Amino acid sequence: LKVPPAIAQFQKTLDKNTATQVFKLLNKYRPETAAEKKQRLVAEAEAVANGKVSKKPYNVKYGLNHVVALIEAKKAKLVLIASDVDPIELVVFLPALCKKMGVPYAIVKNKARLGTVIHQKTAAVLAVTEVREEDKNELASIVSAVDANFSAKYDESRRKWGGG
Amino acid sequence: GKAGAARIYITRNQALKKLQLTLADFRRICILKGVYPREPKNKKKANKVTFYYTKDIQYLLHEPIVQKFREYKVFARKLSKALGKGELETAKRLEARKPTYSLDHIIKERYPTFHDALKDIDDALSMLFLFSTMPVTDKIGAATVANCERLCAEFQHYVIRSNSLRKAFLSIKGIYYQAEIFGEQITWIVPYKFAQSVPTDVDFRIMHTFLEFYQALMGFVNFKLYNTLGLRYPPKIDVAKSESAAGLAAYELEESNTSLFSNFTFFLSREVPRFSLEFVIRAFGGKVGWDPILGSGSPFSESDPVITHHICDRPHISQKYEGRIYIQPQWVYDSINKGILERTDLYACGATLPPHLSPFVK
Amino acid sequence: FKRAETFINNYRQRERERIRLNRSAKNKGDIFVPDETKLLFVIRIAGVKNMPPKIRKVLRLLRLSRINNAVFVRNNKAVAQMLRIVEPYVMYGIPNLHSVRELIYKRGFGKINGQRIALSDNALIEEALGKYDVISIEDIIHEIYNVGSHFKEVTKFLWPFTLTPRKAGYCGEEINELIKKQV
Amino acid sequence: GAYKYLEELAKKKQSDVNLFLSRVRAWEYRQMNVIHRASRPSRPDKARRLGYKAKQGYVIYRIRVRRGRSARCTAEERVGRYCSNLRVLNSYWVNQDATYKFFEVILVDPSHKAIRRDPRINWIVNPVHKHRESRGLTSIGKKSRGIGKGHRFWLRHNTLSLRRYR
RNA sequence: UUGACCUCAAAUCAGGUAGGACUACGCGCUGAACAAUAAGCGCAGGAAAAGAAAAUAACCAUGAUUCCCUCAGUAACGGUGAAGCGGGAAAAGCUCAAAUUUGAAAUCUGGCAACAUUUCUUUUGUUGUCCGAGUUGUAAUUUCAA
RNA sequence: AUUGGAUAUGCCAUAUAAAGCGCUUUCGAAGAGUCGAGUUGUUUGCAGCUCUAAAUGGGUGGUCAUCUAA
């Protein structure tokens with residue numbers, strides 16, 4: 001069959017090498033688990049129950065409403081869109097919104113892989129907003145790779161009706 | 001067809017289907033509990049292959065072993081899930097809370113009285129003794145091997161304290177010890193300490209399950225024997241002595257012809273299997289000494305002249321002393337089996353070894 | 001197949017190892033030389049492809065031509081210097097008398113007629129070591145523990161132990177604990 | 001948010017993206033049953049504003065009805081009969097073609113504790129809401145019987161009211 | 001490969017729930033004859049339905065719904081036939097979707113273990129722990145009167 | 001005997017919290033196969049069919065007033 005360009009673009013995903021390097025940075029910024037969050041909070045509870053100021057946390061941003069709001073605020077440095085969202089119209093505007101806001105974006109494979117980073121079964125989109133000073137060069141190198149391996153590549157292919 | 005001998009016996013596939021358990025799980029349940037194949041008189045009529053009574057299958061339907069096995073398998077899958085997802089903390093925490101099982105109900109059902117368990121502990125004692133010297137492998141468990149060795153040491157200490165040992169025979173396979181506990185006769189075989197190798201031909205899963213059941217039965221028997229005799233179950237074990245290969249010296253028997261060699265101080269050098277010689281001497285009420293090479297914690301030393309008999313299988317004794325004439329383990333084994341002290345001169349070092357008569361042979 | 005990043009990683013390790021050997025040899029020719037132990041147990045932890053030629057030669061001399069190979073050696077200045085050179089790929093510790101006896105009883109195998117044969121019987125040991133006054137496994141274990149004159153001959157006759165499945169460097173008495181996990 | 005984009009994309013129903021998805025999914029829905037369970041709504045914006053929450057006790061069901069009474073009213077009633085233990089909350093249009101009109105019906109389990117302990121949907125547990133679609137109490141049912149406020153929308157005029165003093 | 005996710009099934013698996021009856025009043029659907037007519041079919045409750053204006057008005061303005069009186073046998077229509085105002089009875093208001101919690105899913109069902117509680121040994125919860133749901137969105141916050 | 005709403009009072013109270021009012025050199029999202037148009041039937045409403053939207057927009061009234069549906 002013949003597919004529109006806005007849906008055809010999801011068949012051109014990021015390559016295996018760049019995606020593997022992307023998830024190396026993502027796995028450094030996983031949100032703390034429900035168990036790790038409870039352990040941290042109970043530890044501060046004992047310091048309050050007996051008797052007694054931190055830094056801002058660092059983690060990857062997830063959630064469709066949350067990430068779209070971060071792109072519109074230009075707070076996202078890298079947006080990774082799942083390639084197999086069951087209703088495709090959930091993320092069918094995200095590549096266009098990321099183009100309009102100047103957000104480096106990529107379409108990665110296995111929405112399940114995105115969910116594993118955030119200790120969830122499934123994530124439609126992940127977004128890295130701001131990382132530690134140690135990983136500034138690692139994120140910068142990834143953004144340059146996404147520019148070449150995803151934006152410089154395809155591009156002319158994403159404006160063509162796929163299938164048929 | 002649908003009644004009579006056909007319903008009398010249940011095929012292995014039919015029994016597994018009724019119990020809804022896999023072949024490996026059914027074998028483990030049959031080994032852990034009491035279940036044996038029962039060939040019907042009319043095999044053709046019984047088939048309307050292995051045959052088992054429907055009463056055993058009916059009892060095994062409500063057995064918690066199958067449910068526990070599923071819980072272990074289900075928990076193992078969840079542990080694998082956590083490792084793959086990358087959350088190491090979840091897998092590590094779930095490892096501590098992993099499922100376990102208890103054999104107290106099975107032991108009581110299989111052995112309603114301690115007499116039945118003691119009479120059936122001959123195989124358990126032999127299995128524990130055989131596994132006490134086997135090398136640690138992937139199929140076997142290091143903790144299980146240590147537990148089996150500790151159980152064997154506790155049983156030997158209890159037998160020595162109670163002087164329940166009756167006969168000791170030296171066989172090619174190993175040392176056969178016959179003891180009478182609570183009237184029941186228990187026979188165990190202790191293999192010699194040699195550089196053996198795994199045959200790689202028997203089923204390790206079945207052997208491990210049998211060893212685990214044997215260890216549980218041995219532990220329950222040891223606890224009952226210690227309580228009856230007033231000993232503390234489990235006996236205190238010294239870590240430093242255990243690391244020094246002290247043998248039974250580490251296991252302290254703290255309280256919570258039985259004198260054939262009582263008036264004798266036997267000494268052993270580093271040329272004979274002192275592991276069995278010390279147990280036989282201890283069971284006889286005598287004093288047994290070992291060389292520092294064989295182990296630490298020896299009450300006596302080689303230079304001590306208080307030793308009446310010096311056990312040494314070597315053909316030459318350069319440092320032979322006075323009052324400690326060399327004797328052979330065959331004389332000690334013959335004396336223990338017959339209950340009368342043998343001739344030390346006949347079994348002296350450098351002399352022909354007299355034939356060893358098997359006490360079990362009548 | 002092999003990815004490009006793998007070859008660079010192997011190269012970086014090779015350059016990393018080259019500097020480390022340069023550290024130990026030049027201007028740092030001092031070894032720890034642990035005392036209170038005349039015998040030590042050295043086990044090759046692991047090795048990588050295209051390993052340094054000096055490390056391979058030391059492993060060949062120390063009979064550590066394969067990974068997870070355990071060999072007992074006598075404490076000496078030359079042995080300590082060789083151990084320091086091959087420290088990254090070899091773990092050393094102080095064996096115990098009980099551990100040595102257990103290892104000989106479980107995985108004790110000698111080299112008879114150029115072949116690794118287990119010492120399941122004392123007849124083979126007596127024939128192989130007739131001139132060394134060794135006739136049983138206990139005598140060989142006692143000589144190794146006491147580090148006698150014939151211990152070097154016994155070590156040559158005895159094949160290297162295979163303690164297949166650890167930290168790197170000196171482990172001390174904790175190496176004997178690993179022996180319990182292997183035998 | 002993303003429901004602003006989803007709901008403005010749902011107004012261009014014959015655009016390239018929407019037309020391709022309408023024809024692809026219409027074929028897929030025809031291979032399924034007449035009434036089949038939906039794992040998640042095909043219009044998460046439209047279900048969300050009609051009272052659907054992604055939580056236990058909320059169920060989405062798809063149903064196709066033949067074109068050619070109100071089509072949406074019959075979809076609510078047929079699904080309500082199919083799932084007799086659930087309460088029909090609302091319903092909406094998801095797709096159509098030359099023959100079939102496809103609808104998704106939001107149902108709520110009045111016996112689930114997550115429904116009975118939630119004050120915002122606690123009202124549907126009361127027996128007065130048994131088969132709301134059957135009595136014309138849903139959104140399309142109310143619209144069908146011309147219920148509303150204004151001039152755009154019997155018994156008290158066919159009777160003689162005789163007082164005591166007259 | 002292991003292994004996650006999505007499916008598709010299965011279980012005499014655990015916990016639930018629907019049917020039928022009544023039907024004076026109530027709410028839908030359907031329908032002839034001599035009119036939302038009887039019937040026919042569907043579905044509730046102690047009331048139901050309706051209900052907090054995409055409502056009237058043209059005033060000095062009114063203010064959810066329902067019922068009564070009046071408007072009125074009037075306008076309009078072609079004999080049918082309302083409604084606004086006005087007078088009474090009663091009065092109560094609110095909840096979501098659409099906002100980034102993002103300095104921390106803060107939310108929820110269930111299993112299990114204790115502790116309570118009872119129209120009640122029958123009822124209904126609390127606390128702890130584990131699992132699941134949930135980021136394709138559960139809480140707090142907001143509903144234009146703001 | 002079983003209960004309801006208050007009163008009085010003991011204890012507990014996770015308040016580092018949560019509200020109303022007031023003020024602004026900062027903001028303010030509002031429901032679509034619907035509205036609507038054509039046409040065909042049932043009794044203006046409703047229903048089918050064809051088509052199918054907007055953003056001070058849309059509805060209903062007399063440029064203005066009023067309301068804020070799906």
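First to last, the sequence lines map onto chains A, B, C and D. Residues 1 to 164 (this note's numbering) make up the first sequence, in order. Residues 1 to 362 (this note's numbering) make up the second sequence, in order. Residues 1 to 183 (this note's numbering) make up the third sequence, in order. Residues 1 to 166 (this note's numbering) make up the fourth sequence, in order. The beta carbon of each residue, even a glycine, is placed where N, CA and C say it ideally should be.
Practice task
Assign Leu231 of chain B to one of three DSSP states: helix, strand, or coil.
Solution key: Counted from its first residue, the second sequence places residue 231 of chain B at position 231. Of the three classes helix, strand and coil, the one that applies to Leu231 of chain B here is strand, per DSSP.
Practice task
Helix, strand or coil for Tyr101 of chain B, going by three-state DSSP, please let me know.
Solution key: Sequence index remark: in the second sequence, residue 101 of chain B carries index 101 (1-based). Three-state DSSP puts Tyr101 of chain B in coil, outside helix and strand.
Practice task
Give me the Cα-Cα distance between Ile81 of chain A and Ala106 of chain A, rounded to the nearest whole angstrom.
Solution key: In the first sequence, the residue the question calls residue 81 of chain A occupies position 81. In the first sequence, the residue the question calls residue 106 of chain A occupies position 106. Roughly 6 Å separates the two Cα atoms.
Practice task
Mind listing the chain D neighbours of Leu90 of chain A? Cutoff is C-beta to C-beta under 8 Å, in chain order.
Solution key: For the purposes of this step, residue 90 of chain A is taken as the residue at position 90 of the first sequence. Under the 8 Å cutoff, chain D gives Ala2, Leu6, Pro44.
Exercise for the section: Note down, in chain order, all residues in the stretch 174 to 201 of chain B with a beta-carbon under 9 Å from any beta-carbon belonging to chain C. Expected result: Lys193, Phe194, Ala195, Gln196, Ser197
Exercise for the section: Answer with buried or exposed for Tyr11 of chain C, where buried requires no fewer than 16 other C-beta atoms within 10 angstroms of its C-beta. Expected result: As a position in the third sequence, residue 11 of chain C is number 11, starting the count at 1. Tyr11 of chain C is exposed by the Cβ-count criterion.
Handout entry: Between the CA atoms of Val145 of chain B and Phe204 of chain B - distance to the nearest angstrom
Key = Reading the second sequence from its first residue, position 204 is the one you call residue 204 of chain B. Reading the second sequence from its first residue, position 145 is the one you call residue 145 of chain B. Cα to Cα, the separation comes out at about 14 Å.
Exercise for the section: Below 8 Å on the Cβ atoms is my guess for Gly164 of chain A versus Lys2 of chain A; work out the distance and round it to an integer in Å. Expected result: Translated into positions along the first sequence, residue 164 of chain A becomes position 164. Translated into positions along the first sequence, residue 2 of chain A becomes position 2. Their Cβ separation, rounded to whole angstroms, is 5 Å, which keeps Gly164 of chain A and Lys2 of chain A in contact under 8 Å.
Practice task
Kindly identify the DSSP beta-bridge partner or partners of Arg116 of chain C.
Solution key: As a first step, residue 116 of chain C is located in the third sequence; it is residue number 116 there, counting from the start. For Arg116 of chain C, which the question treats as bridged, DSSP gives the partners C:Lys111.
Practice task
Would you kindly work out how many angstroms separate the C-alpha atoms of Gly146 of chain D and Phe153 of chain D, rounded to a whole number?
Solution key: Along the fourth sequence, read from residue 1 onward, the residue named residue 146 of chain D stands at position 146. Along the fourth sequence, read from residue 1 onward, the residue named residue 153 of chain D stands at position 153. Going by the C-alpha atoms only, they are around 6 Å apart.
Problem - Within-7 Å CB hit, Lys85 of chain B to chain A - result: Walking along the second sequence from the start, residue 85 of chain B turns up at place 85. Chain A, which has a Cβ nearer than 7 Å to the Cβ of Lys85 of chain B, makes this yes.
Handout entry: Beta-carbon proximity check, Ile107 of chain B vs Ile65 of chain B, cutoff 7 Å
Key = Position 107 of the second sequence, counted from the start, is the residue given in the question as residue 107 of chain B. Position 65 of the second sequence, counted from the start, is the residue given in the question as residue 65 of chain B. Result no, Cβ atoms of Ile107 of chain B and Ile65 of chain B do not sit closer than 7 Å.
Problem - Neighbourhood of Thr344 of chain B by C-beta distance below 7 Å, restricted to the same chain and skipping five residues each side - result: Position 344 of the second sequence, counting from 1, holds the residue named residue 344 of chain B. Closer than 7 Å at Cβ, skipping near neighbours: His309, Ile325, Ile327, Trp331.
Exercise for the section: Determine, using beta carbons only, whether residue 363 of chain B and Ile281 of chain B come nearer to each other than 7 Å. Expected result: Here chain B comprises residues numbered 1 to 362, so residue 363 of chain B is not present and cannot be evaluated.
Handout entry: Completely contained alpha helix (DSSP H) runs for the stretch 38 to 84 of chain C, where each covers 4 or more residues
Key = Entirely contained in the stretch 38 to 84 of chain C, the alpha helix (DSSP H) runs reaching 4 residues are, in chain order, 53 to 61.
Handout entry: Contact list for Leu9 of chain D against chain A, beta-carbon separation under 8 Å
Key = The residue labelled residue 9 of chain D in the question sits at position 9 within the fourth sequence. Within 8 Å Cβ-Cβ: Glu89, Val92, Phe93.
Exercise for the section: Buried or exposed for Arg62 of chain D, please, with buried defined as at least 16 other CB atoms from any protein chain shown within 10 angstroms of its CB. Expected result: As a first step, residue 62 of chain D is located in the fourth sequence; it is residue number 62 there, counting from the start. Classification for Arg62 of chain D: buried.
Practice task
With 8 Å as the C-beta to C-beta threshold (strictly closer), list the residues of the stretch 70 to 87 of chain A near chain D in chain order.
Solution key: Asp86, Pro87
Problem - Residue of D:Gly68, D:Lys46, D:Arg66 minimising C-alpha distance to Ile60 of chain D - result: For the purposes of this step, residue 60 of chain D is taken as residue 60 along the fourth sequence, with counting starting at 1. Out of D:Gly68, D:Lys46, D:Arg66, D:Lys46 has the C-alpha closest to the C-alpha of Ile60 of chain D.
Problem - Residues of its chain near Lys77 of chain C, where Cβ-Cβ distance is below 6 Å and the 5 sequence neighbours each way are ignored - result: Here residue 77 of chain C refers to the residue found at position 77 when the third sequence is read from its first residue. Excluding sequence neighbours, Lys77 of chain C sits near nothing in its chain.
Problem - Chain-ordered chain B contacts of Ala35 of chain A [CB-CB under 9 Å] - result: By one-based count along the first sequence, residue 35 of chain A stands at place 35. The answer, in chain order, is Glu87, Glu89, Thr90, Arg93.
Problem - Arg150 of chain B at chain C interface by Cβ criterion, 7 Å - result: Position 150 of the second sequence, counting from 1, holds the residue named residue 150 of chain B. Judged by the 7 Å Cβ criterion, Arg150 of chain B is not in contact with chain C.
Exercise for the section: Please go through the stretch 30 to 76 of chain B and give each complete alpha helix (DSSP H) segment of 4 or more residues, from N-terminal end onward. Expected result: 43 to 46, 54 to 61
Problem - Boundaries (first-last residue) of the beta strand (DSSP E) holding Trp188 of chain B - result: Along the second sequence, read from residue 1 onward, the residue named residue 188 of chain B stands at position 188. Run containing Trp188 of chain B: 184 to 191, per the beta strand (DSSP E) assignment.
Exercise for the section: Could you tell me whether the stretch 149 to 169 of chain C touches the stretch 82 to 92 of chain C, where touching means 3 or more Cβ pairs closer than 8 Å? Expected result: Note that the stretch 149 to 169 of chain C touches the stretch 82 to 92 of chain C; at least 3 beta-carbon pairs, one per stretch, sit closer than 8 Å.
Exercise for the section: Kindly provide the ranges of any beta strand (DSSP E) runs that are 3 or more residues long and lie completely inside the stretch 46 to 91 of chain A, ordered along the chain. Expected result: 78 to 82
Problem - Local Cβ density within 10 Å of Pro104 of chain A, reported as buried at 16 or more and exposed below that - result: Within the first sequence, residue 104 of chain A is the residue found at index 104, counting from 1. Under this definition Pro104 of chain A is a buried residue.
Practice task
Starting from the beta carbon of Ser244 of chain B, find every residue of chain C whose beta carbon is closer than 7 Å, and list them in chain order.
Solution key: As a first step, residue 244 of chain B is located in the second sequence; it is residue number 244 there, counting from the start. The answer, in chain order, is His98.
Exercise for the section: Could you have a look at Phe223 of chain B and say whether DSSP puts it in helix, strand or coil? Expected result: In the second sequence, residue 223 of chain B corresponds to position 223, counting from 1. Residue state, collapsed to three classes: helix.
Problem - CB contact below 7 Å: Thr20 of chain A versus chain B - result: One-based indexing of the first sequence puts residue 20 of chain A at position 20. Not closer than 7 Å to any Cβ of chain B, the Cβ of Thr20 of chain A fails to qualify, so no.
Practice task
Tell me, to the nearest whole angstrom, how far the beta carbon of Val58 of chain C is from that of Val86 of chain C; I am working on the premise that it is less than 8 Å.
Solution key: Counting from one through the third sequence, the residue named residue 58 of chain C turns up at place 58. Counting from one through the third sequence, the residue named residue 86 of chain C turns up at place 86. About 5 Å; that satisfies the 8 Å criterion.
Handout entry: Contacts around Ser144 of chain D, its chain only, beta-carbon distance under 7 Å, and the 5 residues preceding and following it disregarded
Key = On the fourth sequence, residue 144 of chain D is found 144 positions in, with the first residue counted as 1. Around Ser144 of chain D: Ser70, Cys73, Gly136.
Handout entry: Spatial neighbours of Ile137 of chain C in its chain, beta-carbon cut-off 8 Å, leaving aside the 5 residues before and after
Key = Sequence index remark: in the third sequence, residue 137 of chain C carries index 137 (1-based). Here the set comprises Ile104, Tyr105, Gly108, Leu119, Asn122, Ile125.
Handout entry: Closest by C-alpha distance to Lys99 of chain A, when choosing among A:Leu41, A:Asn59, A:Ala76, A:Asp135
Key = Walking along the first sequence from the start, residue 99 of chain A turns up at place 99. Proximity to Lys99 of chain A across A:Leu41, A:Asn59, A:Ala76, A:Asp135 peaks at A:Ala76, based on C-alpha coordinates.
Handout entry: Per DSSP, cross-strand counterpart(s) of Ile60 of chain D
Key = By 1-based counting over the fourth sequence, the position of residue 60 of chain D is 60. DSSP lists D:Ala38, D:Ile106 as partners of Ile60 of chain D.
Handout entry: Coil, strand or helix - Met127 of chain B by DSSP
Key = Taking the second sequence and counting its residues from 1, the one referred to as residue 127 of chain B is at position 127. It is helical.
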